[PDB]
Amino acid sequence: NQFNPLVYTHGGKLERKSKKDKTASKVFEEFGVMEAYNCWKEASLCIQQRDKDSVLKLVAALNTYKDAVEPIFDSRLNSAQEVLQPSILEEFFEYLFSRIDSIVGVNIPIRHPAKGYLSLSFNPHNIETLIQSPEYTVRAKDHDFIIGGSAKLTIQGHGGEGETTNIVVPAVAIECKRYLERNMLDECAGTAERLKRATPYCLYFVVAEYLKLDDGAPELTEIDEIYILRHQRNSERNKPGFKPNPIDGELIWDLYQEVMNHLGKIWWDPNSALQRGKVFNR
């Protein structure tokens, strides 16, 4: 009865790039990225409770890690921008949610970036294959972080021989962005629509550090919540004297509490609806 569902998305990317790119590899050793990373991981794994103080401590270790390596990524690895930096928040959510198993009372197989099921459609080759074994496509969207189940989907026609696809059915999906612009918000908007049709009980969050939007009015349809972890606008970053606010631990605490509440609930509970008088509660 435990978990051991940690994948270390960011560590894996550091290892890849180290081998995939030697030049990166040189920078990582010279500027101590691998030891800063190992320290972040060790410190996170050492925080085992999930009361408010513990969560603030995880966020303090995250702030330290980003303060260490982000300046190296930004100034000494131009090519490795969205190759290494985005996976840091993803790995952070792997730590934050690594101890849900005993609380929720089940072993959750998916706690990492994954392709969340969106739809099934049939594209048979001809009439004979339509009858015998209809070809199909399962559509899925990459999300930066999913908590969810894995399932096998099988289709069989008259021929009787099945074709199976493995899918991921999210209970929570989180996108992680360094800043939130307009083209990416619209893309999340349209993804949230598809996701709530595929999986109406999936909570969908957008998490950003900085907000980079103009006058334009955004559409927040079906996105459950959007976080701006540093309470800063992205234009501040290039100004003389800029100093980044730290990622706000209070917001991570909020997010952690919202996720747990969602995981612990029966999502459609008719008798509860009737007793309450309202289908959705606080």
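Residues carry their position along the shown sequence, with the first being 1.
Between 267-275 and 9-17, the higher mean Cα B-factor belongs to 267-275. Once the C-alpha B-factors are averaged per stretch, 213-221 and 40-48 rank with 213-221 first. Of the candidates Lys66, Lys239, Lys57, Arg230, it is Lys239 whose Cα B-factor is highest according to the PDB record. Each of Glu94, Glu161, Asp142, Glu175 has a CA temperature factor in the record; the biggest one is found at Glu161. Ranked by Cα temperature factor within the chain, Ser79 sits in the highest third according to the deposited record. Per the PDB record, residue ranking by Cα B-factor puts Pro170 in the lowest third of the chain. When the modelled residues of the chain are ordered by their C-alpha B factor, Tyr179 lands in the highest third. Compared with the other modelled residues of the chain, the Cα B-factor recorded for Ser98 ranks in the lowest third. In the PDB entry, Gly157 places in the lowest third of its chain by CA B-factor.
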